[PDB]
Amino acid sequence: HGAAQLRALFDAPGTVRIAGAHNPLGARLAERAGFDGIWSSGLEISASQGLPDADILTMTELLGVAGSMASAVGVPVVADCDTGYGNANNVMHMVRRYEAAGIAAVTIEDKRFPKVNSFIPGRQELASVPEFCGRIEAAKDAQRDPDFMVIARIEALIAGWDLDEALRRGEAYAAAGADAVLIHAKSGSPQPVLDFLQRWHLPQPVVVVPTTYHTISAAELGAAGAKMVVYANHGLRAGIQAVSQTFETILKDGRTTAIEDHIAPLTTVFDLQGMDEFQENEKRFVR
Amino acid sequence: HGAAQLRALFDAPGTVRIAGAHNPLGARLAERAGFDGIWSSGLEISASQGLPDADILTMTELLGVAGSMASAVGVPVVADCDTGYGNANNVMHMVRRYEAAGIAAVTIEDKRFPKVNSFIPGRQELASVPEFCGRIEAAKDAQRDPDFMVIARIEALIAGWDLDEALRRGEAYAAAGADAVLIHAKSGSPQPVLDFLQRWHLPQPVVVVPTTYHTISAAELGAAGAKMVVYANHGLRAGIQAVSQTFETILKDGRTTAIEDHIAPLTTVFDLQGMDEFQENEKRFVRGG
Amino acid sequence: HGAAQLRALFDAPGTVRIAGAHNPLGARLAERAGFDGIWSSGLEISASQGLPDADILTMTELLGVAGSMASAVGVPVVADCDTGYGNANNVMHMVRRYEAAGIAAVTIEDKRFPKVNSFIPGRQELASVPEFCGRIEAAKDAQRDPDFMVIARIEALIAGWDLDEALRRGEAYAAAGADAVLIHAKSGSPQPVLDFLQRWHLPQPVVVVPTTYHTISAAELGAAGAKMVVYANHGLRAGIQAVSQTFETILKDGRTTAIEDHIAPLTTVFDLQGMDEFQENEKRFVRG
Amino acid sequence: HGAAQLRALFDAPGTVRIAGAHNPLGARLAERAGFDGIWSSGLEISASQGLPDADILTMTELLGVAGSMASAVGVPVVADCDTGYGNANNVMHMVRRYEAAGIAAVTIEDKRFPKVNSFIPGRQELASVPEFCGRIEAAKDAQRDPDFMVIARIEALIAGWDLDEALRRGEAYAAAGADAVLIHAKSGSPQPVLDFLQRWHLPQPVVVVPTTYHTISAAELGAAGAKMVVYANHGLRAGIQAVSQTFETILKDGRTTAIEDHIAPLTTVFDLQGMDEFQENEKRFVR
Ligand SMILES: O[C@@H]1[C@@H](O)[C@@H](O)OC[C@H]1O
Ligand SMILES: O[C@@H]1[C@@H](O)[C@@H](O)OC[C@H]1O
Ligand SMILES: O[C@@H]1[C@@H](O)[C@@H](O)OC[C@H]1O
Ligand SMILES: O[C@@H]1[C@@H](O)[C@@H](O)OC[C@H]1O
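Residue numbers (the entry's author numbering), protein chains in the order written: chain B, 19 to 305; chain A, 19 to 307; chain C, 19 to 306; chain D, 19 to 305.
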């Protein structure tokens with residue numbers, strides 16, 4: 019149901035908000051909290067494996083997570099697919115396997131393989147516009163259901179280019195068939211993204227990821243012209259802080275008693291596992 | 019080196035403490051905090067996949083996590099292997115694959131496949147002693163490095179049998195070749211496990227998992243006769259509470275600003291990903307024409 | 019799509035023939051030869067991994083192959099699912115994952131976990147009828163598309179029980195919701211399976227696997243009442259013989275020249291990989 | 019034991035011969051026939067999955083096969099690792115994972131990601147010498163056991179360059195630390211490869227893959243100066259022919275009777291599965 023659900027979110031009024039996750043449990047927590055969908059974060063999934071976010075994990079590993087989350091929740095999954103895992107032929111294979119796994123949208127960025135993630139310091143190399151437009155065209159040609167979305171992510175500002183270049187690239191990617199564009203920035207100031215949104219005059223919706231420019235609200239981003247806001251890695255970052263503090267306290271105290279009232283009870287874990295339904299089906303069918 | 023490291027921990031004085039994890043990042047956080055090793059928790063791993071802890075995930079999926087953690091950290095991984103994934107022949111296949119993946123020890127419990135999590139209420143079925151002893155013998159026969167450990171987990175108290183039955187089973191499992199035994203209990207009082215520890219007289223060390231009887235300290239458990247203490251699911255439970263609250267706050271506030279100072283900074287994530295070494299190696303070896 | 023295709027094969031007249039395969043290439047060869055569908059054989063897949071056919075491979079490993087075959091060919095895949103990988107809760111999990119991966123039908127047999135391959139000698143242990151009927155009921159409850167099929171495999175004759183017992187079990191499995199039954203036997207004579215078909219009065223179709231009683235044709239089995247005939251492991255057995263002989267000849271001769279005219283050319287491999295389309299798409303979309 | 023075994027083969031007199039395989043069964047058949055080791059073939063594995071040999075399969079998928087073969091047989095596995103799955107940092111991650119899985123040697127080629135099977139027509143793109151030397155240096159820095167081997171595969175002839183270019187590339191790769199070089203060629207004549215061997219004066223050994231120039235014997239290649247000869251895809255090609263003919267015959271005849279005496283009996287399959295030892299262990303431990 020994923021791609022149909024995401025199209026309905028884009029076709030209805032209001033700002034769409036999605037949250038990063040790196041396993042089915044995190045996706046289920048975001049769904050329960052009330053997010054509209056899931057972002058299958060390259061950073062969260064890489065970090066969960068103890069590894070760089072630099073196409074060190076393969077498409078097989080990243081798709082494995084995205085697909086397991088897609089089947090675990092009833093909201094759409096939007097996948098972070100780095101640069102598309104190679105050339106236009108890799109992109110087509112990517113689309114076929116992500117679409118078949120029920121992912122609603124895939125996001126590819128205008129860099130070359132292997133991904134240099136946005137937080138690497140210094141000038142960064144961009145893919146040429148003709149080569150990246152070929153990847154976008156190939157993605158649209160490979161998909162089977164028209165509801166599936168291909169999101170073209172613009173790293174021009176990240177890489178050291180100006181807003182004119184970011185808009186030139188976004189307009190080319192839209193012309194190549196991208197269903198949405200994602201303008202990225204790593205400044206504290208939201209102003210470069212607000213400027214992009216104000217100058218964007220094509221019908222394709224714009225996606226934003228306010229990791230660094232966090233002071234701007236989803237409502238303000240929506241009023242400025244963004245359709246979807248991605249909270250990409252806050253679950254991971256919250257988990258790291260809570261788990262390291264928990265482990266430190268257990269070792270220092272020599273027991274868990276002081277943290278028992280500050281962590282999830284086992285009954286909450288069992289609920290998140292679906293144990294009520296599991297036990298009912300055991301009663302019905304296990305003889 | 020995991021198996022050699024775990025044997026050193028058991029052969030040295032002091033109480034060994036290990037923490038549950040369900041991916042390499044959790045294992046690395048436990049190592050950095052100072053735990054002696056990792057517990058590859060069936061509960062944590064199944065919960066992370068949104069699924070019951072009931073042999074719904076397969077050995078393939080559980081080994082994938084245990085092995086990725088074993089290569090990610092420099093402390094031993096002790097694996098929770100449910101009932102051994104079938105009969106003694108499945109147990110042998112399990113030992114071969116887990117040992118090759120660098121896991122230091124595997125734990126199999128005296129129940130029948132598929133596992134019922136110990137916190138399932140009501141009376142639970144135990145494996146017969148001859149059948150489970152064969153699983154233990156098969157495991158010791160399949161391993162290649164003598165340092166590798168097979169831990170026999172005793173669910174007799176969980177299932178509602180008495181202390182003498184738990185002791186009869188543990189002693190049979192030790193005679194069958196288990197390197198250690200794990201006595202489990204789900205009461206809030208530590209006395210049931212304390213009673214087992216006082217009456218255990220064999221040389222094999224005893225493992226305990228104080229999830230429910232959490233008020234007893236590791237030092238007290240060690241003084242009573244336990245050699246290893248397992249904190250099996252507190253990382254998962256802490257993570258669930260924090261992530262839920264984070265997601266709730268982001269949706270309510272309309273932005274993340276109010277939790278930025280209460281979650282790990284990006285630079286901490288990068289450190290945990292190994293980016294210092296990665297960027298050094300990029301500078302050393304990645305070059306153009 | 020697989021399940022609807024398989025229903026169409028069962029709803030139209032004629033004997034359905036499927037072949038065993040253990041990777042997408044084998045499935046594609048079976049499709050090109052003209053088989054109606056694929057059998058995702060536990061024996062072929064376990065043997066391909068050098069391992070016993072005894073639930074040593076896990077559901078994850080067996081599903082990975084079945085699902086990759088289902089996406090690679092345009093004929094339905096019928097999966098060999100051993101005993102269902104545990105109790106009725108495991109069976110439900112299996113159905114959800116196999117259906118999502120586009121498998122058309124799953125086959126579970128009335129034995130206990132872990133499976134003993136039907137060719138293991140001596141008396142074997144059967145699941146109780148109530149317990150197995152619970153697995154069948156759970157499977158039907160877990161599926162989403164009504165076209166998906168659950169095939170109940172009867173091991174009663176394999177295990178040493180008589181025909182009355184195989185029929186009692188088959189009739190119970192049909193009443194529990196199985197879409198088809200598979201009656202197995204391992205003698206050289208087809209008579210035990212023919213005797214079953216003579217006494218089968220239920221509308222559910224019957225599946226047969228004539229590995230040992232190979233002298234009866236698919237058309238003779240169909241004339242006797244069977245609907246689907248499974249050739250379960252002949253591709254693996256042919257490949258083993260040919261690859262062993264090829265390896266021995268290369269070592270003896272010192273070169274491959276004497277076998278070049280008797281093995282597939284690389285152009286055939288490229289065609290099986292879809293290189294014509296791959297190259298066209300490179301021309302259309304890979305740009306500087 | 020694999021890396022030590024392969025070193026012993028390279029250190030002893032004689033020409034090493036290995037055969038391609040794409041699963042543990044095929045490796046076991048090569049071992050039983052008497053091959054010295056296994057070539058974990060990118061063409062055979064991709065083909066077995068119905069897909070192009072063009073880095074469409076990922077490192078995860080290719081390593082899964084190579085590692086399962088390495089633990090299934092008692093001869094060394096030499097892995098076909100395409101271009102190394104990205105840049106020098108991908109190469110390092112590859113080495114760490116392949117070495118931990120017991121693979122004896124990895125082979126990377128001097129092309130850019132994603133590769134094209136050498137049998138693609140026209141001038142092909144080579145990696146620059148500095149960039150590829152950096153991959154080799156990284157691979158050698160990442161390995162832990164000195165017995166593990168990194169084989170530098172030279173695609174210059176495949177790509178339409180002359181012998182002088184293939185030799186100068188090989189010479190640079192050897193100085194960068196490659197343990198052996200593989201000279202590839204797709205002529206029917208063996209003479210280009212013989213001429214490379216005559217003109218190669220360096221101590222690093224040379225690997226050859228006589229797929230197209232199949233008329234030269236292993237003994238003749240060894241006498242000309244090659245140390246290892248790879249029969250890369252004959253098992254797959256023999257299997258395809260036999261399986262297609264088997265399926266055609268079953269459909270035409272209506273039964274398998276006419277092929278029963280011409281395919282492996284089930285007892286041979288059981289032996290290859292290890293059933294004798296499996297049954298003994300059943301008797302020993304299953305109670
Ligand atoms: O794995 C995570 C769990 O441990 C916790 O942190 O909450 C969300 C999950 O993604
Ligand atoms: O996935 C987890 C991450 O989100 C955090 O919770 O810290 C430890 C990891 O296991
Ligand atoms: O899977 C293959 C089997 O079918 C046969 O062809 O011999 C070699 C194996 O690799
Ligand atoms: O992998 C196999 C290939 O080697 C050949 O044997 O034909 C069928 C395939 O399944």
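Beta carbons: idealized from backbone N, C-alpha and C, even for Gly.
For chain A, is any of its Cβ atoms less than 8 Å away from the one on residue i?
i      : result
B/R35  : yes
D/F296 : yes
B/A250 : no
D/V224 : no
B/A88  : no
Using C-beta distances below 8 Å, list every residue in its chain close to residue i, excluding the 5 sequence neighbours before and after it, in chain order.
i      : result
C/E189 : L220
A/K133 : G60, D71, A72, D73, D100, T101, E127
Looking only at its own chain, which residues have a Cβ that is under 6 Å from the Cβ of residue i, when we skip the five neighbours before and after it?
i      : result
B/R25  : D165
D/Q23  : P94
A/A21  : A122, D163, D165, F166
C/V248 : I36, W57, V227
C/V211 : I201, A203, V226
What do you get for residue i, buried or exposed, if any count of 16 or more other CB atoms within 10 angstroms of its CB means buried?
i      : result
A/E298 : exposed
A/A84  : buried
C/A119 : buried
B/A88  : buried
B/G32  : exposed
A/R217 : exposed
A/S58  : buried
B/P208 : buried
C/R187 : buried
D/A90  : buried
A/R141 : exposed
Once you ignore the five residues that flank residue i on each side, which residues in its own chain have a CB closer than 7 Å to its CB?
i      : result
A/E183 : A174
D/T267 : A276, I277
D/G240 : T33
C/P223 : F28, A198, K245, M246
D/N135 : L61, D71, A72
C/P42  : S86, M87, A90
For residue i, would you say it is in contact with chain D, using Cβ-to-Cβ distances shorter than 8 Å as the test?
i      : result
A/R187 : no
A/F265 : no
C/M246 : no
A/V304 : yes
### Task
Kindly provide the ranges of any alpha helix (DSSP H) runs that are 4 or more residues long and lie completely inside the stretch 63 to 143 of chain B, ordered along the chain.
77 to 90, 106 to 118
### Task
Residues of the stretch 97 to 125 of chain D with a CB closer than 9 Å to any CB of chain B: list them in chain order, please.
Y103, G104, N105, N107, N108, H111
### Task
Output the residue ranges of the beta strand (DSSP E) runs that lie fully inside the stretch 21 to 68 of chain A and measure 3 residues or longer, sorted by chain position.
List check, beta strand (DSSP E) in window: 34 to 39, 55 to 58.
### Query
Going along the stretch 72 to 86 of chain A in order, which residues come within less than 8 Å of chain C, judged by CB to CB distance?
Listed in chain order, the positions of the stretch 72 to 86 of chain A with a beta carbon within less than 8 Å of a beta carbon of chain C are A72, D73, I74, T76, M77, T78, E79.
### Query
Taking a cut of 9 Å between CB atoms, which residues from the stretch 252 to 263 of chain D lie near chain C?
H252, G253, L254, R255, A256, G257, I258, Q259, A260, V261, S262, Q263
### Message
Can you pull out the residues from the stretch 38 to 52 of chain C whose beta carbon lies closer than 8 Å to at least one beta carbon of chain B?
### Response
The residues in question: there are none.
### Task
Please name the residues in the stretch 149 to 169 of chain C whose beta-carbon is closer than 8 Å to at least one beta-carbon of chain B, in chain order.
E149, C151, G152, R153, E155, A156, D159
### Query
When you check each C-beta in the stretch 226 to 243 of chain B against every C-beta of chain A, which residues fall closer than 7 Å?
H232, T233, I234, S235, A236, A237
### Query
At a Cβ cut of 7 Å, what residues of the stretch 190 to 208 of chain A count as close to chain C, listed as they run along the chain?
Residues passing the 7 Å Cβ filter: none.
### Task
Using a Cβ-Cβ cut-off of less than 8 Å, give me the residues of the stretch 127 to 140 of chain B that come near chain D, in sequence order.
Residues of the stretch 127 to 140 of chain B with a C-beta atom less than 8 Å from some C-beta of chain D are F131, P132, listed in chain order.
### Query
What are the uninterrupted segments assigned as alpha helix (DSSP H) that are 4 or more residues long and contained completely in the stretch 187 to 235 of chain C, given in chain order?
209 to 216
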